[PDB]
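Chains as they are written, first to last, in our numbering: chain A, 140 to 352; chain B, 2 to 212; chain C, -13 to 204; chain D, -13 to 204. What follows is a single structure, written as structure tokens, with notes after it.
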Amino acid sequence: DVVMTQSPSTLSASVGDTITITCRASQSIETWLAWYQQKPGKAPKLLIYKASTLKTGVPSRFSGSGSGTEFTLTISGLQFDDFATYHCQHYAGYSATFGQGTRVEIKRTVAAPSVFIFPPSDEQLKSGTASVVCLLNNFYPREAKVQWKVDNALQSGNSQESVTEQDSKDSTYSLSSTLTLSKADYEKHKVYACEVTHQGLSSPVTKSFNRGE
Amino acid sequence: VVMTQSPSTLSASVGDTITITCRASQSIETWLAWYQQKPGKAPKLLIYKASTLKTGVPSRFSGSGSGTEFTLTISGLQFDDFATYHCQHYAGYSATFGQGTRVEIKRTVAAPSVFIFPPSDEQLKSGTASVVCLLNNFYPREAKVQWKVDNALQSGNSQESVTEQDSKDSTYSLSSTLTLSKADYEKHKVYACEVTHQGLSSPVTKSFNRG
Amino acid sequence: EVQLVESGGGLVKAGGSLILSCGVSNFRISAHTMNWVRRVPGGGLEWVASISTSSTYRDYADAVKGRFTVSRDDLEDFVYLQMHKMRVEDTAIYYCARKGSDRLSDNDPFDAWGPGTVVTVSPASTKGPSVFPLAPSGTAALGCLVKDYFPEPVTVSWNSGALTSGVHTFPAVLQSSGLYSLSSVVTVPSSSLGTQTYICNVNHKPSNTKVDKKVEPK
Amino acid sequence: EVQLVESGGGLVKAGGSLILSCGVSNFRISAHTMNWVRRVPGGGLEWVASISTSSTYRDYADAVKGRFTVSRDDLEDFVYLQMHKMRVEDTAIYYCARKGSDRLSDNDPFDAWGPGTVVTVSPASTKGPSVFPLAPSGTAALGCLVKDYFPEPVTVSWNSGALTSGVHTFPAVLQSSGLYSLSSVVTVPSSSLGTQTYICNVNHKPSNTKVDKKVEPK
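So this is what it looks like as structure tokens:
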């Protein structure tokens, strides 16, 4: 069975750049590819309903190609509208499969995260819950790793991360991580720290605080 | 179509012959059925076409009536027969039900013994306070519990649960739990439970002072 | 025995949506009119939906008419009941019932019933947030913290729109409570922490619960 | 323009079960093969299931094949997806999209999609109880308060089954947290409170949790 080898997994560019992407089928199909855009948390939008075959109502900047095994998508000078994911699809009669989508994004130089750690407010803590927040305020590119340590003990399974998409004035990513603990468990330990690694950092960055200090 | 059923509660002794009546607001011919329902269980069919006993239903169950008046007779109540019962009008592509009747074992009136329990220190240290009021061994089943905190009538912050009839003494027991965060419980001192019941000539209150 | 098993019960919120289903064994459903029934808080039954053989007719009680939708899929032996715009009086056990007999006829009782599944409609249709300061420790970061609300959004601004440079409000996270949390932050010159009074003007727009919080050094 | 409207998605537990559905507007599904797609937290689209025109052929992606069932209703225009015994990686946004074109063919792409509905499969399949003492303040009453356990049931004995007279173990109640709680009590002679030891044996087979709690005066 077919698997799609879409490349790259992320494309970096800017307004007015002409860009090309490529989906390569693991075994040959009869030019049964189509291409979609997807904006974050939205439904995908169909661009190209057969390889090189643009759907009506789609902006004329779009294009593509197909050879029965190797395929392309191309955009003829990106708009600020175009900085979304793009997915290839192979569609058979009663099944389909998609590429791991090419994320199109606004380019800049590498920038390391400014890291900040916030203890729980006393007002939260008296209710019985402690939410410790770690903020990576601005960085580029998107890929970063945050780990929590409580009394130098690497934590696992008690945190939730979300990343804001590219900032409108500098195109950096930002991450925040929330470590959640009942008031009981939080008052059991002293230091609460978050440790960060990223493309711009030569060594991990750790921010910490001592409970009550 | 609308239906009425009577009595809403029927109290009887083992071995009795009892009748439960259903009245239709307009003629439904013999298009009525009867159902037995145990607590926590889906209803089981007893009779249909007014009198037609379902295959395997014991002969002690019978039904009669046509037009607007229908009766379900149980001739010799066995312990299994003390249950909920419901008359049910049925038509080609629809139905409707009456309010039901509850059949219970009859005994003398017994007033509840009332007890109130404050939250345990352990739970209270976790941030939640669950007081529990207990109404023990009362009959009949209807009882009313009202919680008052500093003479303030509570509403919407309590849940109740009631046992089935005790197999030895045929009474009911009831537990009511008033739940409050530690933040809301420490605000008010006295916590009371006002009980009314057919066995009480005036309401009974059990209370405690926080701390 | 005839086998029926309901699925898809549990907790829901007023104005919310759910879908029940029932599957079966030891019979094929196609010869039967199929029903949904519920047990309302008084221990009494109500009928809720009926779908005929071949999906010809669908009938509902007035309480659920236009809100709900029954469906069936005989080729895998399943019956479904959509429950859009649930209300607190829909709190009940629900059951999938077969219309039937030892010999099927043009009009019959309900013979085989599944063990049922519970549905609870909690009145928390717009649960208002809890809102808390994130206090500043050349550049300083401060913020506000929202917990325990439904549905989305909770909206935030700094000093009623007087502050916008360096502002970030994060995507919400779904907690194990089934309620949302988020945070809003801004970075400012450290020298201004003494003179400028930072505040966050917030709203849970579903409940229209308008909140404010001053954020200042601890 | 045309529309699709997914419903039923929310919080779930691992090895628990849920049913999604999709309605439509401005069009009839009776002409179309109807498809389920998801976007996992990893950001990629996965196909999930499809069901043909005329309900003839049902197909699945191999991660959900056998576990899920797709269903349809060509008359009221609804599609369904039963999700029996979900996995943690079944957590996704779940979209309902129609296979389609201006002129239809034996093979087309997905030309209209609904806004999608979130499903979260939390990893806690069973939760073991906490047990707390109900301390005895003639005849006295004491007990144990089993709490925060999922799913049912919990069994309770007293003194390893030697104390049965006077014991009431109550039906569990389902809390607004989605977790169960029950209390087991016993009445005993007040004179025995100094000498006799009272232990409630709480067993929760679904979590393989056993707790023996000694109940004594404060």
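For each residue, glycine too, the CB sits at the ideal point set by N, CA and C.
DSSP three-state assignment for residue i, whether helix, strand or coil
i             : result
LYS71/D       : coil
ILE5/D        : strand
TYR94/B       : coil
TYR331/A      : strand
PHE13/C       : coil
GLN124/B      : helix
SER9/B        : coil
residue 205/D : Any property of residue 205/D remains undetermined from this structure, which presents chain D solely from -13 to 204.
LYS196/C      : strand
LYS191/D      : helix
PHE201/A      : strand
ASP170/B      : coil
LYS51/C       : coil
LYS184/A      : strand
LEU340/A      : coil
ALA0/D        : coil
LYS288/A      : strand
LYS183/B      : helix
Interface partners of residue i on chain A, CB under 7 angstroms
i        : result
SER36/D  : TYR233
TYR166/D : The contacting residues do not exist; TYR166/D stays about 20 angstroms from chain A at best.
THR173/C : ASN276
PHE156/C : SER301, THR303, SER315
Contact list for residue i against chain C, beta-carbon separation under 8 angstroms
i        : result
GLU262/A : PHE118, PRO119
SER270/A : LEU131, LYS133, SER167
Interface residues of chain C facing residue i [CB-CB closer than 7 angstroms]
i        : result
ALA184/B : Within 7 angstroms Cβ-Cβ: nothing; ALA184/B doesn't reach chain C, min ~12 angstroms.
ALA34/B  : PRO95
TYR49/B  : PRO95
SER3/D   : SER(-7), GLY(-6)
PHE222/A : Those do not exist, as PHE222/A stays about 17 angstroms from chain C at its closest Cβ, beyond 7 angstroms.
Partners in chain B for residue i, counting only beta-carbon separations shorter than 8 angstroms
i        : result
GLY102/C : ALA43
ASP92/C  : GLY93
Counted within 10 angstroms of its Cβ, other Cβ atoms place residue i as buried (16 or more) or exposed
i        : result
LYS196/C : exposed
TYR230/A : buried
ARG58/D  : buried
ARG89/C  : exposed
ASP76/C  : buried
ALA323/A : exposed
Per DSSP, cross-strand counterpart(s) of residue i
i             : result
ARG24/C       : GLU32/C, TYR80/C
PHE116/B      : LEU135/B
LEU149/D      : Partner(s): none; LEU149/D has no beta bridge.
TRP144/D      : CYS186/D
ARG24/B       : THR5/B, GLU70/B
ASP59/D       : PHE64/D
residue 355/A : Because chain A is modelled from 140 through 352, residue 355/A falls outside the range shown and cannot be assessed.
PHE96/C       : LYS85/C
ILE158/A      : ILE214/A
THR129/B      : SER182/B
Within chain D, the residues that residue i reaches when beta carbons sit closer than 8 angstroms
i        : result
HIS229/A : Here the premise fails: no neighbours, minimum Cβ distance about 10 angstroms.
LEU185/A : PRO95, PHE96, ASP97
Amino acids of chain A, ordered along the chain, whose beta-carbon sits closer than 9 angstroms to that of residue i
i        : result
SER127/B : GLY267, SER321, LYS322, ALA323
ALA127/C : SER253, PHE255, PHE257, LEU274, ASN276
Beta-carbon neighbours of residue i, restricted to chain D and to distances below 7 angstroms
i        : result
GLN239/A : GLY30
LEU179/C : What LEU179/C touches in chain D: nothing, since even the nearest Cβ is about 37 angstroms away.
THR55/C  : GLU62, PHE64
Within chain C, the residues that residue i reaches when beta carbons sit closer than 9 angstroms
i       : result
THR56/B : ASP88
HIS87/B : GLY30, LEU31
Within chain A, the residues that residue i reaches when beta carbons sit closer than 8 angstroms
i       : result
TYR43/D : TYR233
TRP33/D : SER234, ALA235, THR236, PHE237
Chain B residues whose Cβ lies nearer than 7 angstroms to that of residue i
i        : result
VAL159/D : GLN160, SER162
Interface residues of chain B facing residue i [CB-CB closer than 9 angstroms]
i             : result
residue 213/C : Because residue 213/C is not part of the residues shown, which for chain C are -13 to 204, the question remains open.
Contact set between residue i and chain D, taken where Cβ atoms lie within less than 9 angstroms
i       : result
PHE62/B : Neighbours of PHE62/B on chain D: none; closest Cβ ~28 angstroms, over 9 angstroms.
Original post:
Which ranges would you report for the beta strand (DSSP E) in the region 105 to 138 of chain C if only whole runs of at least 3 residues count?
Top reply: Here the runs fully enclosed are 116 to 120, 125 to 135.
Subject >> Within the region 153 to 185 of chain D, ranges of the beta strand (DSSP E) (whole runs, at least 3 residues) >> reply: At a cut-off of 3 residues, the continuous stretches assigned as beta strand (DSSP E) that sit fully inside the region 153 to 185 of chain D are 153 to 155, 166 to 175.
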